[PDB]
Amino acid sequence: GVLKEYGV
Amino acid sequence: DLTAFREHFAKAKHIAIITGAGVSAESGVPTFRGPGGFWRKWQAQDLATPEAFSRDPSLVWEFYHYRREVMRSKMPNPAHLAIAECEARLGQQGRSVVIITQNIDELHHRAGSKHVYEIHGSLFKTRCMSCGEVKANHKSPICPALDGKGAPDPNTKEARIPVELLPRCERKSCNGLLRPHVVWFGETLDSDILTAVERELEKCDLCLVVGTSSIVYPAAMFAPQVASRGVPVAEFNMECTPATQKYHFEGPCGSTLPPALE
Ligand SMILES: [Zn+2]
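And the structure:
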């Protein structure tokens with residue numbers, strides 16, 4: 524699943 | 035070139051509009067990210083995580099309660115309204131408009147938009163940490179223990195509300211602790227929502243990106259897919275582009293968008 528911000 | 039954009043607009047049968055924090059900042063709604071984006075000592079990053087909720091759920095609920103309560107005085111802006119009325123008008127003609135929003139403030143709903151994908155959740159939904167049920171909730175205050183709490187001044191003392199008295203699940207045999215139904219930092223977006231968004235993006239023939247950018251996230255996920263179908267993408271945002279620069285209308289979207297979408 525897609526991390527929000529890409530987990531940035 | 036507004037006229038060239040409007041030539042595409044006149045013909046478009048399926049418009050996807052992606053919205054970011056710029057459309058909500060212009061309604062007077064703090065993000066808590068960046069300059070002055072403090073609540074007491076903390077910034078959004080520090081609070082919007084499952085680790086904050088696990089270790090201090092009362093503090094995280096005070097923060098979300100504050101935000102819910104502040105929304106009562108904030109109103110949808112001309113950009114939100116243009117988007118909603120555009121959807122209504124085009125829908126009558128059999129033409130489709132869908133909004134894909136990063137924002138959790140529900141302002142698009144208050145504006146009148148129906149076809150909305152809230153990819154980060156909503157300040158006004160809860161999810162039960164026990165049974166998983168999602169429920170809409172606009173109650174002011176969400177529970178009695180939170181009444182009058184959440185003050186944003188850094189020297190405010192913590193409420194330290196016992197977990198039993200925070201918002202609870204009302205299917206009485208469960209009674210689980212509720213959390214905001216918001217995507218937090220380190221959590222995955224809903225797969226079902228993403229599959230719906232992919233279908234809309236794949237069918238659309240014009241895409242607008244409002245109060246964020248095609249190159250930052252979340253917009254960067256979607257917009258390449260549409261651009262690679264050859265579809266025009268139009269940004270409405272305050273950010274500059276070089277002069278050695282598919283459409284960009286620079287400025288506050290509450291000014292630009294009602295003119296572009298009339
Ligand atoms: Zn429950």
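Sequences listed follow chains A and B, in order.
full-length UniProt numbering numbers the first residue of the first sequence as 524 and each following residue consecutively.
Count the second sequence with full-length UniProt numbering and you get residues 35 to 279, 282 to 298, in order.
Where is the CB? At the ideal position from N, CA and C, for every residue including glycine.
Self-check item: Any heavy atom of ligand 1 nearer than 6 angstroms to the CB - residues listed
Solution: Spelled out in chain order, the answer is B:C162, B:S164, B:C165, B:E167, B:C203, B:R205, B:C208 and B:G210.
Exercise. Flag this pair as yes or no: are the beta carbons of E121 (chain B) and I134 (chain B) separated by less than 9 angstroms?
Key: Mapped onto the second sequence, residue 121 (chain B) falls at position 87. Mapped onto the second sequence, residue 134 (chain B) falls at position 100. No, the Cβ-Cβ distance between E121 (chain B) and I134 (chain B) is not below 9 angstroms.
Quiz item: Are the C-beta of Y251 (chain B) and some C-beta of chain A separated by less than 9 angstroms?
Solution: If you number the second sequence from 1, residue 251 (chain B) lands on position 217. For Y251 (chain B), the answer is yes, since a Cβ of chain A falls inside 9 angstroms of its Cβ.
Exercise. Starting from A170 (chain B), follow the beta strand (DSSP E) in both directions and report where the run begins and ends.
Key: The count along the second sequence starts at 1 and reaches residue 170 (chain B) at position 136. Per DSSP, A170 (chain B) belongs to the beta strand (DSSP E) from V168 to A170.
Quiz item: In chain order, what residues of the same chain lie with their CB nearer than 8 angstroms to the CB of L124 (chain B), ignoring the 5 residues before and after it?
Solution: Position 90 of the second sequence, counted from the start, is the residue given in the question as residue 124 (chain B). The answer, listed in chain order, is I49, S130 and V131.
Quiz item: Hey, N137 (chain B) and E60 (chain B): beta-carbon distance below 9 angstroms or not?
Solution: On the second sequence, residue 137 (chain B) is found 103 positions in, with the first residue counted as 1. On the second sequence, residue 60 (chain B) is found 26 positions in, with the first residue counted as 1. No, these two residues do not count as a Cβ contact at 9 angstroms.
Self-check item: Touch test, the stretch 217-225 of chain B against the stretch 77-95 of chain B, Cβ-Cβ under 8 angstroms, three pairs minimum
Solution: The stretch 217-225 of chain B is in contact with the stretch 77-95 of chain B.
Self-check item: chain A contact residues for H154 (chain B), given Cβ-Cβ distances below 8 angstroms
Solution: As a first step, residue 154 (chain B) is located in the second sequence; it is residue number 120 there, counting from the start. Those within 8 angstroms of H154 (chain B) in chain A are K527.
Quiz item: DSSP puts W218 (chain B) in a beta bridge; with which residues?
Solution: Along the second sequence, read from residue 1 onward, the residue named residue 218 (chain B) stands at position 184. None, per the DSSP bridge assignment.
Quiz item: Can you give the Cα-Cα distance for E119 (chain B) and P196 (chain B), rounded to whole angstroms?
Solution: Within the second sequence, numbered from 1, the residue matching residue 119 (chain B) stands at position 85. Within the second sequence, numbered from 1, the residue matching residue 196 (chain B) stands at position 162. For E119 (chain B) and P196 (chain B), the gap between their C-alpha atoms comes out near 45 angstroms.
Quiz item: Can you find a C-beta in chain A that's less than 9 angstroms from the C-beta of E85 (chain B)?
Solution: Here residue 85 (chain B) corresponds to residue number 51 of the second sequence, with the count starting at 1. Interface criterion not met: the Cβ of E85 (chain B) is under 9 angstroms from no Cβ in chain A.
Practice problem: Identify the contact partners of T222 (chain B) in chain A, using a Cβ-Cβ distance below 9 angstroms as the criterion. | Solution: One-based indexing of the second sequence puts residue 222 (chain B) at position 188. Scanning chain A for C-beta atoms nearer than 9 angstroms to the C-beta of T222 (chain B) yields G524, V525, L526 and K527, reported in chain order.
Exercise. Using DSSP bridges, identify the partner residues of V131 (chain B).
Key: The residue given as residue 131 (chain B) occupies position 97 in the second sequence. Residue pairing of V131 (chain B) in beta bridges, as defined by DSSP: B:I49.
Self-check item: Bridge-paired residues (DSSP) for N271 (chain B)
Solution: Counted from its first residue, the second sequence places residue 271 (chain B) at position 237. In the DSSP secondary-structure assignment, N271 (chain B) is bridged to B:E286.
Exercise. Check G62 (chain B) in the structure and name its three-state DSSP category.
Key: Start at 1 with the first residue of the second sequence, and residue 62 (chain B) comes out as number 28. Note: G62 (chain B) maps to coil in three-state DSSP.
Practice problem: Please classify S225 (chain B): does DSSP put it in a helix, a strand, or coil? | Solution: Here residue 225 (chain B) refers to the residue found at position 191 of the second sequence. Here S225 (chain B) sits in helix by DSSP.
Exercise. For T246 (chain B), count neighbouring C-beta atoms within 10 Å of its own C-beta (all shown protein chains included) and say buried if the count is 16 or more, exposed if not.
Key: Working through the second sequence from its first residue, we reach residue 246 (chain B) at position 212. Residue burial annotation: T246 (chain B) is buried, with at least 16 other C-beta atoms found within 10 angstroms of its C-beta.
Exercise. Could you tell me whether any Cβ in chain A is nearer than 9 angstroms to the Cβ of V94 (chain B)?
Key: Taking the first residue of the second sequence as 1, we reach residue 94 (chain B) at position 60. Chain A has no Cβ within less than 9 angstroms of the Cβ of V94 (chain B).
Exercise. Can you tell me which of B:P266, B:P294 and B:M272 puts its alpha carbon nearest to the alpha carbon of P288 (chain B)?
Key: Translated into the one-based positions of the second sequence, residue 288 (chain B) becomes position 252. Checking every option, the nearest Cα to that of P288 (chain B) belongs to B:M272.
Quiz item: Are at least three pairs of beta-carbons, each pair with one atom in the stretch 258-273 of chain B and one in the stretch 71-81 of chain B, less than 8 angstroms apart?
Solution: Short answer: they don't touch.
Exercise. Compare the C-alpha of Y251 (chain B) against each of B:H42, B:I52 and B:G182 and name the closest.
Key: Position 217 of the second sequence holds residue 251 (chain B). With distances taken between Cα atoms, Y251 (chain B) lies closest to B:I52.
Quiz prompt | Residue from B:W95, B:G184 and B:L157 whose Cα sits closest to the Cα of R74 (chain B) | solution = Working through the second sequence from its first residue, we reach residue 74 (chain B) at position 40. Answer by Cα proximity: B:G184.
Exercise. Could you say which of B:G70, B:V57, B:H42 and B:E41 lies nearest to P188 (chain B) if we only look at CA atoms?
Key: Taking the second sequence and counting its residues from 1, the one referred to as residue 188 (chain B) is at position 154. Checking every option, the nearest Cα to that of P188 (chain B) belongs to B:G70.
Practice problem: Give a yes or no on whether 9 angstroms exceeds the smallest Cβ distance from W218 (chain B) to chain A. | Solution: Residue mapping note: residue 218 (chain B) aligns to position 184 of the second sequence, counting from 1. It does; some Cβ of chain A falls within 9 angstroms.
Quiz prompt | Inter-residue Cα distance where the pair is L36 (chain B) and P295 (chain B) | solution = As a working mapping, residue 36 (chain B) is identified with position 2 in the second sequence. As a working mapping, residue 295 (chain B) is identified with position 259 in the second sequence. Near 9 angstroms, if we compare the C-alpha coordinates of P295 (chain B) and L36 (chain B).
Quiz item: If you run the structure through DSSP and keep just helix, strand and coil, what is residue 280 (chain B)?
Solution: Here chain B breaks off after 279 and picks up again at 282, leaving residue 280 (chain B) without coordinates.
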